[PDB]
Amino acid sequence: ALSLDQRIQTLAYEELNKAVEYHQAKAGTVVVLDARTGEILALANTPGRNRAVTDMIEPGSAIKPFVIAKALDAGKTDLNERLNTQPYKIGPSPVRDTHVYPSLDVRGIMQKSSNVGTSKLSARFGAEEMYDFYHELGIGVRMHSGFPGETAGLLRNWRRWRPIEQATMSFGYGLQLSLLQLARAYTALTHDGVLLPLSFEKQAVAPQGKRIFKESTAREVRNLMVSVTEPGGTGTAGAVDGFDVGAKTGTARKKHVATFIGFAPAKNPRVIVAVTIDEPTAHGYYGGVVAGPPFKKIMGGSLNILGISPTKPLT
């Protein structure tokens, strides 16, 4: 039996095509996963190849929670520390946020999606350590989903990284993975530190995954990610009525790729929804404005289809 849930699949398709239309986009993709089993509930693409599987993207801000999580798990930072987050340069190359945040704690780094903060946390680890961590998340490790033209992704050997490259990978540029590989990686956050393999078949019990983070680390990071979708966070466009939503939004240059990925209920997650809109030419181009609304309706609808009850009153 296939894990595909046709009610979610149809919702994904309808909300995908609507969003692609309004933004006058080249193409798009949606992945919906069971957050506790890794089952693929929906996989929707606009006409052409299976892009969810075949097209490698730079994850941008969507990688940031993993770097934060690794720094907390290793004890290289904590929730009290405040980092100087002034923009900086490494040699001629700059690292900067969207605003000058002079200092931020770890919650602030997630909430404001700080390149500077995330890059300084990554810099507490050696290149080799970060390379192995990215490889362990599945980056550069092909899924063998059984589709033609599947991507392995891009993960350059750590021996060839310049110190600027480590920093830029920590905020999601210079490594690449499919949307399906990215949605997979989020299972390490949702399933209490345990990365799941993903499946196109129904699973009567969660498969054996592998531990990436301590359960306490994963729980703490999910709580931090809710700040992203509440006022003051960069991802308010993916807020869902009735629920706490942990999410990230991102925009990559190639013309842009707009991405929004998240999970809910944040404390006890049941669904991961990932949306990518390729080359929006109308009504905005940022991940929040372009991919946030389809994410918001697909997540809200999935929760309802699956009968998950709201955790807070409906405004």
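So that there is no doubt, residue numbering starts at 1 and follows the sequence shown.
Colleague: As a check of understanding, is residue 36 unmodelled in at least a third of the other compared entries that model its flanking residues?
Modeller: Comparison shows residue 36 kept in all of the other entries.
Colleague: Checking the other entries of this protein that model its neighbours, is residue 255 missing in at least a third?
Modeller: Yes, left without coordinates in at least a third.
Colleague: So which stretch wins on mean C-alpha B-factor, 167-175 or 150-158?
Modeller: Per the deposited B-factors, the answer is 150-158.
Colleague: According to the deposited model, is the average Cα temperature factor higher in 80-88 or in 181-189?
Modeller: Mean B over CA atoms: larger for 80-88.
Colleague: Out of 246, 250, 38, 65, which residue has the highest Cα temperature factor in the PDB record?
Modeller: Of 246, 250, 38, 65, 250 has the highest C-alpha B-factor.
Colleague: From 195, 116, 72, 206, pick the one with the largest CA B-factor in the entry?
Modeller: In this record, 206 carries the highest C-alpha B-factor of the candidates.
Colleague: Comparing residue 201 with the other modelled residues of its chain, is its CA B-factor in the lowest, middle or highest third?
Modeller: For residue 201, whose C-alpha B-factor we compare with every modelled residue in the chain, the answer is the highest third.
Colleague: Looking at the entry's B-factor column for C-alpha atoms only, identify whether residue 231 ranks in the lowest, middle or highest third of its chain.
Modeller: It falls in the top third of the chain.
Colleague: How does residue 121 rank on Cα B-factor within its chain, lowest, middle or highest third?
Modeller: It belongs to the lowest third of the chain when residues are ordered by C-alpha B-factor.
Colleague: Ranking the modelled residues of this chain by C-alpha B-factor as given in the entry, is residue 99 in the lowest, middle or highest third?
Modeller: Tercile = highest for this residue's CA B-factor.
Colleague: Determine, from the deposited record, the chain-internal third of the Cα B-factor for residue 138: lowest, middle or highest.
Modeller: Tercile = lowest for this residue's CA B-factor.
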